[PDB]
Every structure is written in C-alpha cells, then in structure tokens.
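Encoded as structure tokens, the following chain is the form solved without its partner chain, with no partner shown.
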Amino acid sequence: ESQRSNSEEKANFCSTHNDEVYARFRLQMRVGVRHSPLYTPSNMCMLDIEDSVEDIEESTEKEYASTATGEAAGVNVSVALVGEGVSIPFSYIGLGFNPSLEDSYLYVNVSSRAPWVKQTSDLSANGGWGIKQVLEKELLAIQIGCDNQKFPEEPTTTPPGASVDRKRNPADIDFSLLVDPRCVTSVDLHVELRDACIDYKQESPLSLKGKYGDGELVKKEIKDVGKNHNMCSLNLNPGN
C-alpha cells in the first residue's frame, strides 16, 4: 500500500518538518568517451564545487548558481544549477571512469545537500515564493569538453497560474546539454529536482525531471560501476 524505503534519519526529519519545503537535486549521467591518438592512460581526477551569486540588473533578486566540475579520462564535465532568488547548492560529485585508451563510459553523480544532513533553504517561506521561483525560473546547464586533449589537425597552421500535483506528473526541468563530439560519443542522463520529503507528502507542486537518451539505464548502471572503473568523489563538509 506504501512503497517508500528510507533511512530512519530521513523519515524522522520529514515527519518533523512537514510544513517546510526543501529542494533536493540529483543527477546521474553516462558519457561515452573516446580519445585522441596522443592521449596516454591516466588515473587523474579533478573535482570541484563552486557557488556563485550574480546581481540581476532587472531585479532585487540575485542569480544563484551551483557549479560542479569533474575532469577524468580526457573529458571535463560542468554541471550548473541556476536559480533566481533561490540557492540549491551541490554537496557531492562522484566520477566513475576507465583510465585507458579505449572508448569507455564516464559516469557522473551530482547531488545537492540532504536537508536531514544539514538544512537547506526552506522554500515555504514567503507564501512559497521559492517554490514558484524554481518552477518558473530554474535552469540546468551541462557542458562536456575534451581537455586537455589535442586532436589530429592536417599540417598547415602549426600547433606542433494553476497549481499542479507533480509528484504524480513531474514538470520538465529546463536544461541545456553542450558537448564536444570529438571526445563525446553519447550521453545518457537522468535528473530530478524535487521536494526532498516528497515521499511523506500526498501531493506536491515541486517535482521536476529531465531525461536524455536512456535515463533509466544510467540511473541503474551507475550503482554498479565500482567493480570495473576508477571511482573518485568530492563530498562537502556537512556544515559548509
């Protein structure tokens, strides 16, 4: 009759905070990778998470961006979640990659902070102003580059106003996906941004989803790549 499975810490938090609304963002992505002839195998991994605040000329509101970057296997990824008046910061990025020459899949997780671990912004404030800002304005921007790879160039130049129950039917998240086709052969993507306690609520206006290629596949394959890939991850101090 009810299908949820959560930690005690999650259930206790949600039972106790039913009038609040916290957003939770989760991304899983599979990137098909290929290398230039010059690429040498490397276990190197670079991870970063940065939050930025930009004044909006039009408004009293700020633009809040959380940007997760990861670089491994000759490919660099950028995931940016951007809101107006609403900040949803990332707390985790994890990469799964094969260090070799061959074509392979690079796996990316990005997540925002679980409200039970540390409390995020309460979007119920001001009559649910934050919720509306997310539904109307939130942007996701994904970029996948191929640095610092050098590819073969032929010799010449010299480089020697209605509210909706979206728990049932999620709205589409607004996202762009920019890739460099020299090193990126495919992308599968599943992304969701929703009330972190949506499991303990009958209905909710705050549920957004994005998909590219076989989202369901990556959502599952990504839990099973530790056996055959390098894994690296950055987890932000709970508290900052």
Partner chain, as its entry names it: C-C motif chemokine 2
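Positions refer to the first chain, counted from 1.
The protein also exists as the form deposited with its partner chain bound; that form is not presented, and the subsequent description refers to it.
J.: Considering its partner chain in the deposited bound form, which of 199, 192, 214, 174 comes within 4.5 Å of it through any heavy atom?
T.: Checking each option against its partner chain in the deposited bound form, the one that comes within 4.5 Å is 174.
J.: Would residue 181 show up as a contact with its partner chain in the deposited bound form if we use heavy atoms at 4.5 Å?
T.: Yes - in the deposited bound form, heavy atoms of residue 181 and its partner chain come within 4.5 Å of each other.
J.: Since only the chain is shown here, I'm wondering whether residue 84 would be in contact with its partner chain in the deposited bound form (any heavy atom pair within 4.5 Å).
T.: Yes, residue 84 is a contact residue.
J.: I'd like to know whether residue 136 contacts its partner chain in the deposited bound form, with contact meaning heavy atoms within 4.5 angstroms.
T.: Yes - in the deposited bound form, heavy atoms of residue 136 and its partner chain come within 4.5 Å of each other.
J.: Please determine whether residue 143 contacts its partner chain in the deposited bound form, using a 4.5 Å cut-off between heavy atoms.
T.: Judged by the heavy-atom cut-off of 4.5 Å, residue 143 is in contact with its partner chain in the deposited bound form.
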